[PDB]
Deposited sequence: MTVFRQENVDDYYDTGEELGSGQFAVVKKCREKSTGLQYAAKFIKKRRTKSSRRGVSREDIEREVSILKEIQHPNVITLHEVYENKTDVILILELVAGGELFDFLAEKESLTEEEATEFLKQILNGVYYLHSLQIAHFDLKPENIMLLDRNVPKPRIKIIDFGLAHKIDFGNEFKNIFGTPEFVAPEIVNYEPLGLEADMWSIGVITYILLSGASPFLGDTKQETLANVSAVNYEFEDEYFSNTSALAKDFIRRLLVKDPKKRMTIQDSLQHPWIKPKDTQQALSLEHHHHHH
């Protein structure tokens, strides 16, 4: 699919940089015709077929196709797509309260954790209902609308690894951040919606404790820890955490994807259920 090839600078003015990654940079922007504000994600294109640099058209089109499907309060939305010879430029909904990752750098109570968690689960429920696996859930990819309120509202971002799961699983060597990936990702096995639920377990552990359950001193150690389900609830961190909260985590950090809680299970779990 081809995108708008007019110069994006004819329609938008850019400002503060919001984030920067391997082949993408995200800039605050403002649409000239409406005065409305967005985030422009510039994705660097592959310059040749066999290059390892830039993002393949196939990967870019997948992210765009998924984003086009999405409309939910807890997920980023897509406004427009432009492209030129060097970049595809996604004009995305602006979320200006910063990463959940940075908010955490400022442990939560179980109430604070569950208030974030419920919104995350609601967003993931929407996605999984559409058979969309995110595959890169982590605090850096959870953005707050406003960080200076008692109960910040959040939105899931970064669909760069997201896949449609029309057949129950995808077998593609999809692979995110070692701390957050499920054992089936580590082992290069077929992947489905279940991998997201593991990531939610890791996120929940971090929300409650300020500590990462599988983090080793090197990437290979972290990955080895993940595959072995080498984690425990340290008393120093979890002494005043409820057994029900631990139960929620324990039922997500399960090696066999088939035995892992689904998104629907997680919403009905007694720690979450109203």
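- Several segments of the deposited sequence have no coordinates for C-alpha: 1, 108 to 109, 278 to 293, numbered from the first residue.
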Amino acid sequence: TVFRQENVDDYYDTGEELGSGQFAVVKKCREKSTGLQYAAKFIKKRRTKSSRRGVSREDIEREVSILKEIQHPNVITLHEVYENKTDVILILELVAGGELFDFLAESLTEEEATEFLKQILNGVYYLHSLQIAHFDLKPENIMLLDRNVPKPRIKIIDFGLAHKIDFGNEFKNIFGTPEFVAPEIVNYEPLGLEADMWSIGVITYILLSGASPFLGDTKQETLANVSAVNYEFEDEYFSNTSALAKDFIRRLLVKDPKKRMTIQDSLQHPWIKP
From here on, numbers count along this sequence of modelled residues.
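Rigid core (definition): largest C-alpha set, two forms, superposition within 1.5 Å.
- Larger average C-alpha displacement in 8 other deposited structures of this protein, relative to the shown form after a rigid core fit, is seen for 162 to 170 when comparing 82 to 90 with 162 to 170.
- When the other structures are laid on the shown form by the rigid core, the stretch among 110 to 118 and 181 to 189 with the greater C-alpha deviation in 8 other deposited structures of this protein turns out to be 110 to 118.
- Looking at mean Cα B-factors across 59 to 67 and 41 to 49, the upper value is held by 41 to 49.
- As the entry records it, the average C-alpha temperature factor is higher for 113 to 121, out of 113 to 121 and 192 to 200.
- Of the candidates 155, 163, 79, 147, the PDB record gives 147 the highest C-alpha temperature factor.
- The PDB entry assigns the greatest CA B-factor among 137, 89, 127, 100 to 100.
- Ranked by Cα temperature factor within the chain, residue 185 sits in the lowest third according to the deposited record.
- Residue-level temperature factors show residue 18 in the highest third of its chain, judged at the C-alpha atom.
- Placement of the Cα temperature factor of residue 246 within the chain: lowest third of the modelled residues, per the deposited record.
- When the modelled residues of the chain are ordered by their C-alpha B factor, residue 107 lands in the highest third.
- Ranked against the other modelled residues of its chain, the C-alpha B-factor of residue 170 as given in the entry falls in the highest third.
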